[PDB]
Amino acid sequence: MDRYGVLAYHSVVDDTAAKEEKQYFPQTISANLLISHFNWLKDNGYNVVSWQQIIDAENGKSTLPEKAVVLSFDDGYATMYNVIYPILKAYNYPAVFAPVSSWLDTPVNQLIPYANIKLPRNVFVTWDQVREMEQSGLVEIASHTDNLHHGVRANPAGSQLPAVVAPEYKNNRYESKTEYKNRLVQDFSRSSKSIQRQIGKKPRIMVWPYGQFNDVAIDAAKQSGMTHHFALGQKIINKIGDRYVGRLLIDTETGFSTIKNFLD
């Protein structure tokens, strides 16, 4: 066919504990739930394809199988390497991984400023780990911004919005449209270079933090080679060649009927 679905995952842990009170990051699920999805896909005729097969399809080099599905993992959590990757290898499932590049670029001796707190560097993967995963041929490296996976103050009353989608209010004023666009263009361009130099491939997908984007962000990403962009459930079916790619956001309540209705 000419259609494909996309699933969006974040962290995956061995812990089967109920998660609501455990202080993980949002949308963290259990490895059992992940396996259940991986089993349900293959036992229902869904074929996991790599991003390369998508690109090969749009370029008229090969066709996709029926009920094509892409798997995607956001943020750069060490669980990508420690929990997810062994499972991808066991299933021979490829995937797209979107680490925040300034998090990875943080030296091992430093914490990562993250809203009100500072995180141990090994919450996240190292670049050695990313190289190994990419070299397997199973994992495509996408961008998830360099350092725009945070909020900015978006008004004088102290409202905070994702940095990608809001001119910043600081020094008692709003960014100019030109300042705001510049902020996205340079961050995205540093992300592309940060990934390229470790990995050998410029990323060719932008994955938006929190699913949120706009026209300025799209054009900023496009300028650095990321015309394909991954959002969340604001679009369900993707056709070969689409720039705007929708995804299902996975959470601990995502059961088979949820996945089925989406992929239907």
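Heads up: residue numbers just count along the shown sequence, starting at 1.
Asks: Got a sec? Mean C-alpha B-factor, which is higher, 173-181 or 147-155?
Replies: The stretch with the larger average C-alpha B-factor is 173-181.
Asks: Quick one: higher average CA temperature factor, 228-236 or 210-218?
Replies: Taking the mean C-alpha B-factor of 210-218 and of 228-236, the larger value falls to 228-236.
Asks: By its CA B factor, does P99 count among the lowest, middle or highest third of the modelled residues in the chain?
Replies: It belongs to the lowest third of the chain when residues are ordered by C-alpha B-factor.
Asks: Would the CA B-factor of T126 place it in the lowest, middle or highest third of its chain?
Replies: According to the entry, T126 has a C-alpha B-factor in the chain's middle third.
Asks: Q160's Cα B-factor: lowest, middle or highest third of the chain?
Replies: According to the entry, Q160 has a C-alpha B-factor in the chain's highest third.
Asks: Would the CA B-factor of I84 place it in the lowest, middle or highest third of its chain?
Replies: Within its chain, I84 is a lowest-third residue by C-alpha B-factor, going by the deposited values.
Asks: Using the B-factors in the PDB entry, rank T254's C-alpha atom against the chain and give the third, lowest, middle or highest.
Replies: Highest third, going by the recorded CA B-factors of the chain.
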